[PDB]
Amino acid sequence: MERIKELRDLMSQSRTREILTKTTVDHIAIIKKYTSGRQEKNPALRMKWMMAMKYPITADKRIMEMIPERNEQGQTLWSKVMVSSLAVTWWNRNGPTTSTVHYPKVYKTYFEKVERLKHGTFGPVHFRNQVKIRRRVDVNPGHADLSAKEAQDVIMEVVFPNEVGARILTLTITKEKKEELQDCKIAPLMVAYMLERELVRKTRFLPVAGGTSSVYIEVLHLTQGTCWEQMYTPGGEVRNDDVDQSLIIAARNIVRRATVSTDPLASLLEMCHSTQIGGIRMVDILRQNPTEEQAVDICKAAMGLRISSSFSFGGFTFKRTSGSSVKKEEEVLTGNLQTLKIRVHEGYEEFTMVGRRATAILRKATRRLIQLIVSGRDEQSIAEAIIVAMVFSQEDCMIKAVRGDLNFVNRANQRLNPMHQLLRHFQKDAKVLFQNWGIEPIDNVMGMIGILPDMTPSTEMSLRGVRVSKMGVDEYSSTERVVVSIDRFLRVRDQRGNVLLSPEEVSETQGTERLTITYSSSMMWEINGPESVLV
Amino acid sequence: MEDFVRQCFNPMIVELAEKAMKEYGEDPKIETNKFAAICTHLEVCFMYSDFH
Amino acid sequence: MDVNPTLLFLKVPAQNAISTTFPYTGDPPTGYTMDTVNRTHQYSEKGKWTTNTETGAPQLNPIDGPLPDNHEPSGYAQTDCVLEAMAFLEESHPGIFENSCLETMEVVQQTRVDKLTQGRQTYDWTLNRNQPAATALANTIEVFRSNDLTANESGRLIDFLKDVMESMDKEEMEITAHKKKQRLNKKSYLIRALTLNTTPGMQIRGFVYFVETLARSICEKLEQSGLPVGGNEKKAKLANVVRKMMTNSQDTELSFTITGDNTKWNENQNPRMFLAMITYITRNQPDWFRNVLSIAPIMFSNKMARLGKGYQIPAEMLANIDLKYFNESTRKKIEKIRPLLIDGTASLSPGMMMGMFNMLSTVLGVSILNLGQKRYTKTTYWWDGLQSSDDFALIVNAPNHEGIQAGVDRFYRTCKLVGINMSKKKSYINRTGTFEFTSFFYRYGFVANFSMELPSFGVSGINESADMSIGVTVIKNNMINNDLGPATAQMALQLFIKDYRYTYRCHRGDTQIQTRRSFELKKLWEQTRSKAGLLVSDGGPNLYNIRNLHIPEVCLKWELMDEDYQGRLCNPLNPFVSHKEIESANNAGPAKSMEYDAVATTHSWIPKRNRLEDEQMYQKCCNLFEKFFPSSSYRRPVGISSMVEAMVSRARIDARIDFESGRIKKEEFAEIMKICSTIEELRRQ
Amino acid sequence: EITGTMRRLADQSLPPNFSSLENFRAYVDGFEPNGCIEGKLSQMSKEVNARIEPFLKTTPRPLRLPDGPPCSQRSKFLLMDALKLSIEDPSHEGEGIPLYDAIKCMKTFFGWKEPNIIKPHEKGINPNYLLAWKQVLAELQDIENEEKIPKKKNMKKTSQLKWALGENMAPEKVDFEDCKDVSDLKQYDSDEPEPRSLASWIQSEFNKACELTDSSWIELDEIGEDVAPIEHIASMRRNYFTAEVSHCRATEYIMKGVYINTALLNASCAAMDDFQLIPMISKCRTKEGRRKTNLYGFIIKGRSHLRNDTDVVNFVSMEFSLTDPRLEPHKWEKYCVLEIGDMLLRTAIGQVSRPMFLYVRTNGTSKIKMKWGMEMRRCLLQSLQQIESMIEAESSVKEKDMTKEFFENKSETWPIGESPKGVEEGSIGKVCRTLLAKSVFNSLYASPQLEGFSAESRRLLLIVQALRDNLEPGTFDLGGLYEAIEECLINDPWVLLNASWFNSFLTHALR
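Chains as they are written, first to last, in PDB author numbering: chain A, 1 to 80, 89 to 178, 183 to 547; chain B, 1 to 52; chain C, 1 to 29, 36 to 184, 207 to 226, 243 to 355, 367 to 643, 650 to 672, 683 to 756; chain D, 206 to 716.
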């Protein structure tokens, strides 16, 4: 009866009966935000005044049999339920000591950071005009990369089972939590809040100076500054930087395998519906994991999920920055007496291309390349970037640089479209193009040095439109979620008929599994162990 | 609604919604409530039909 | 000898220490409204007079009027020029507006009424005064419930908008006073609904949110509009565009850079031009969408400015008086403003208040920037720049030092064409490589002196643990977000430490200075062996430094405490915790609050009592519901049934479960269930 | 839909060539991006243009300056002239009661001469001031007779003091409908102020503001152990700056404003109905390290019916001094002075016995006015960061950042002064305290004219700095910028000293 009488005497006033009748439960969040909102009268000054005054604290009435009125020096700390501050410190010294010290199992999200700082070996501070990399990373470290809703449902189950949501489907985390803290409840609302802090992901956009994981971000204020930087290795690793890698490799190998299938789309679909990753189905991971990569984007597209409007090419993901596209089919002659019809994009465009190890900005008119600004790590990376750039230039200058017949097929011996053919021809050797491109004298301005065909930096001369950037070009992961139209051949055409994604830029160095993955749909076992094939 | 609809349903009902909307050219981008209602009706009929 | 600090600049260039010119950290300490009216209506006096048909307030419509005659600021813009520039921008971006409109449609689909509360003070016409958000919202809802207009009960904001429309459709509107239910003719209702202050009215706010949301989905996809981001991000947007202009091979091109502002910008933006650009953004879009996103500009087309108090001489008495009882200046101003006002409200057609359409103004500025990418210029000169509401930065490049002035001329001309009166005063030129942009400064380097309002290093004042962590958290945030030096963070930290110690009358037990509390603290200090492990609130040494500004105090000292110390401290069986509000800081712009661990930290309580105005309606119900279901404080609940149909059933199940095996007397149970049946019988009618 | 009472405004919202908004929507939907811009340019006059005007090193003219009465002082409290009451009393600061910590300050002086009025308000009944002063002494000696010591003494509602605070000074609150056809019903004057010309004393006060004393004035709280990379660097920055500015007199100024405004507000909450006494207390630590308490004067508070934050409360200040007002009279326009006695002043050869004076003024404040002053320690941070900024920007160009070499090299000199028509170079700590005092005075003398001047000086200084780098800048409306500057220059003496600083800087900017 403790509670309901307030409801009854609340149902006494008709203007309250009406609101208690009409508004429904789905709307309670919309009504708790109806507050006067005036008691914001300088919390500093009100706090100071209330601290000067005795007894600002509200306790329960059960302090009588727990703490005394007179302290060990005869100090008054009660009223007639108000309590002064000294009672806290007295109880802070000598009271009911308790073995509830098992606390560091719900607050592990903090003591993980503590331990990371414990063995967190440091390094020297090499000051430098640090350049901001416009990257996007997570905020919570080691949270298994779980979305908010699928995590808060488990939360609601573990903390308030007597009012769980209607999701009853029949992950042992439920069992582990219900067992380790069954009768050792601490503070319900705070327990659930801190668990939501521990497990729920959230990833957004920040300028960083080399920090990859989340652990390199929670200590950003130590690392990053105006013109300084401090390398600090916490001595550890999390899931969010090495869980998605397993799905990446599994989808890359799945696409590598799907080409030989008659209808690669159907085999891929059965694979994705059957394949299990870390005990979790791959389909749900695709629906919930925001990782951007060709294989993952294509597998998501097969289930009709929006991705970024990218003109992915040369291993480099592209993004529309400005400019329009016009078809303008055209004839082309090779260096070995061969005719080729190709889709020369008409109109003006301006793009920013992001790569695995490099980035660049480009402006492009009708068969015109201008202002190519590149930044990479290795000589090989800037080499590949400049190569795919000159391929994309579509000038006749690169047209002249064709040597040998052009026969490059899929792993199923299938004729590839000409762009990828040129790319794969130049990737092994493309030194001949620079010597026949043209050189221009530069002025050594703004820390932008030139590059020569022999892969040598130079001061006062460079290629036409080329620029070597320092410590990274400004990335931008534009947010777009647009529908796509995949075909039966694992080709991607969103709305305009432009080839977006294709299984020609999918492979790199050997795949090394971290997460244990299992396929169950179709053959897809010629790679796994032979004993695995039998069993 | 739209992205959730693509989350909680099969692509075959998606293609059926495509075909039924093309019957009158009903653009899904606007008739999102019609999108949900039609996918609902289809899956209702199906789970009424299974194992009978 | 005499001392001069400014002479310092003979040794160190200005951009390295311009912060010395920033004097203050915060902000230092009814007639100006007439000055604003005269200023706006002077920049638009071209005989566009039309007495309103539904307000009777004469209105000037200076759009597409004569071209500027004098060099002085002017508010004349031709419609076709603006729309042509907008279409030119879309020619620079394919259908991107429809993507932004799709995000906006998603918003208008999910958005409930709550997003009307997170914001600054509003204006309620129920009391004809500025009031907080929920006050005006609750009074409006209850006066709507006074009549049949009750669509808002669905909860979706669009239904609130339909309620607003139907309210405009009704002639008589009974205003209850707290009784005296007699006021508010139709005409005065229309007039007051359009009343503006300094600060939107009640109805338009939701709509402006929609418009502003649109700008977000636009501006996030535009590089030349870097307003919505905060601090560090803008840094990058400074170096990229530079490379797009000065990094040109065979550098015979000459790149100049100006940083300018637009004097009296905000008083010139005519809402009808906004109507036009919105409509073009809604090209062949669904009808009702055009109807909804066109509300706010139309409401601003006929908007009234409130005066309020006056000098006593209430504002609504400025109609029957002779112009001799005043000074010369007031006499002249009233002469030039007298017939324009009606019903204690000033008539302001071409106006716009600073802080309303700043993001759409940035859209317009990025448009006038986009109009010069050597594809709409057909000339040698080509420019690009970064835009804000009023303070913009431009880089114009031309290969010859003679035509650069022609490019700057085209910029200023086209800006005059769209109502952008470029301030000749608050503007300065130099060679590319060093400039200003909204308190940002670039001389081969960065500085974030826009939001460099060093934090309230004083305590936030709710707790002993949450307050410390909140202070140090804002320290770290302004350390990375509103970039400041590290040693400045150290000084602000130790200042906060002293302020927090002296706020809770607890310095430490190693210094003999004595509070009304230090005795017990020193006794604790004595009986503890591991001294460092003690909390700061419990007389502990401050060892918070840069490397651990994020770890809460509790977890950091957690190992170094004594076993009994922890077993007594973190014990949640403490009698001080009472289940009420937590985490609510909500500082005004968004409202952010990031608190951390709490154990036996319940200090700052009992804020004084202060028992239409009857706030005792909503929060009572919500708190009672929370008292029934704790989950209401963590996850947005999910349920269709009515409040009572859930609470009664829950109470019956609770009585059942704690009677059968629990602890309750059968008579108390029977009375509980009889009371529940009484509730049921009362809810049936 | 958009029905009547709404569409009626929508079709009334269109530009002046249309009738209904539906025709407008059709006209916008079907649009011709034909390029009317070129024709509009061809139609507009050639005079409407941003004709770039150059900016050469011979263009900058020194700023104009107001002429007329010398600049008085509106500072809330005294800068250098006030005198301390050294007690060296370590009362453990057990919330050391500020009134009874002041009765001993009073007990520690002898030679309280008869109150001798020297400099009046130049207008008004002055004897009320000295009557209030003797009443202060009376209530200071009428305490032990009320059987109980009261922790604060509520001054009597006395007529001379009622006039000093203007509590009795109140007009009629009359509705206009009653006071009809009145002869003196003309408006309030509300005249804009007169241009107060520059005087020479503000620079001397600023000079004395940057000097060092023998007291410490600070308790900079402890910091945890410093790890190798930066915490050591952050230490060797902040602690060196502290030791170079710890004992600065501007610290005393900040603490003075803090304590006075703090006591005023903390009583204004609880003295909500009656008068109270306000001791102007400061604290410091001796060179031998003993907590010393100083007293500067007394202040009497008016009514504190503070409903809102901008609510005005009048107050009266009486500050001690050894600076004779008879020296420079025009400085103290708002002040009335009393020859109050003689004090001992020890020298290398005995005492000198200089007279003691009491400066009294009437002013007003409010809640926000005080809290801007309870947080004046901010002027420290603004200083350090505007030092720390230079520690990074000018040291951005280095592999090993120039941080310790910023200090630790006295050969590095900073041009800071020019008295004998010659550039005077100084060391670091003088600059550190100089910037601290800059932010301090800007905070306490905070005036909107200073805001406007800073805004308009940033532009001119940036342009001159660009020209010094030989980057051929230009302007748009130079006369207009001078016009705005002169428009933001009336009476603030701090502003005027900054202006003369700026002019001498441009003269010494090698331009």
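Think of the CB as a built atom: it goes at the ideal place given N, C-alpha and C, for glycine as much as any other residue.
Check, Outcome
"Burial state of C:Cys561 (16 or more Cβ within 10 Å)", "buried"
"Run of the beta strand (DSSP E) containing A:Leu384, from where it starts to where it stops", "380-388"
"Bridge partners - C:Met714, DSSP secondary structure assignment", "Looking at the DSSP assignment, C:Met714 forms no beta bridge with any residue, so it has no partner."
"Where the alpha helix (DSSP H) containing A:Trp240 begins and where it ends", "Element bounds for A:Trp240: n/a, residue is neither H nor E."
"Identified DSSP bridge partners for D:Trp317", "D:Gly546"
"Backbone secondary structure at C:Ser633 - three-state DSSP", "coil"
"Reference C:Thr489, options C:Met179, C:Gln15, C:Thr6, closest by Cα", "C:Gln15"
"Range of the contiguous alpha helix (DSSP H) that encloses D:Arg638", "633-649"
"Sub-8 angstroms separation of A:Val250 and A:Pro149 beta-carbons", "yes"
"A:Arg124 to A:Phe130 span [Cα, whole Å]", "12 angstroms"
"C:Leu395 (DSSP reduced to helix, strand or coil)", "helix"
"For D:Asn499: DSSP bridge partner residues", "D:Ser487"
"Alpha-carbon to alpha-carbon, C:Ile484 and D:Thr680", "6 angstroms"
"Partner residues on chain C for D:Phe314, Cβ-Cβ distance less than 7 angstroms", "In chain order: nothing, as chain C lies at least about 28 angstroms away."
"D:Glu344: contacting residues in chain A (beta-carbon distance under 9 angstroms)", "Residues of chain A passing the Cβ test: none, with the nearest at roughly 25 angstroms."
"Per DSSP, cross-strand counterpart(s) of C:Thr223", "C:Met348"
"Below-8 angstroms beta-carbon distance, residue 82 of chain A vs any chain D residue", "Structure remark: chain A lacks residues between 80 and 89, so residue 82 of chain A is without coordinates."
"Cutoff 8 angstroms: C:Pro100 Cβ touching any chain B Cβ", "no"
"Chain A within 8 angstroms of C:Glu608, Cβ atoms only", "no"
"Beta-carbon gap between D:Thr570 and D:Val645 smaller than 8 angstroms", "no"
"Proximal chain A residues relative to D:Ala433, where beta-carbon distance stays under 7 angstroms", "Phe130"
"Exposure of B:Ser49, with buried meaning 16 or more beta-carbon neighbours within 10 Å", "exposed"
"C-beta atoms of A:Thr364 and A:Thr329 nearer than 8 angstroms", "no"
"Straight-line Cα distance separating C:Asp439 from C:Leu271", "16 angstroms"
"Neighbourhood of A:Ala307 by C-beta distance below 8 angstroms, restricted to the same chain and skipping five residues each side", "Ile260, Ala263, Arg264, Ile266, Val267, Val518"
"Proximity test, Cβ basis, 8 angstroms: B:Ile30 and chain C", "yes"
"Identity of the residue in D:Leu532, D:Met561, D:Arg531 nearest D:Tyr501 by Cα", "D:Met561"
"Burial state of residue 87 of chain A (16 or more Cβ within 10 Å)", "No coordinates exist for residue 87 of chain A; the numbering of chain A passes from 80 to 89 with nothing in between."
"Run of the alpha helix (DSSP H) containing D:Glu457, from where it starts to where it stops", "454-475"
"Amino acids of chain D, ordered along the chain, whose beta-carbon sits closer than 8 angstroms to that of A:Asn137", "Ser601, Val602"
"Beta-bridge pairing of C:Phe496 - partner residues as DSSP gives them", "C:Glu491"
"Test: B:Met1 CB closer than 8 angstroms to a CB of chain C", "yes"
"Any 3 or more C-beta pairs closer than 8 angstroms across the region 59-70 of chain A and the region 541-556 of chain C", "no"
"Among B:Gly25, B:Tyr24, B:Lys19, B:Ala37, the one whose alpha carbon lies nearest that of B:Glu2", "B:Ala37"
"Nearest candidate by alpha-carbon position, reference A:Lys339, set A:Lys189, A:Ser279, A:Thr274, A:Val511", "A:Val511"
"Same chain only: Cβ atoms within 7 angstroms of A:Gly347, ignoring 5 sequence neighbours per side", "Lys412, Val414, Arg415"
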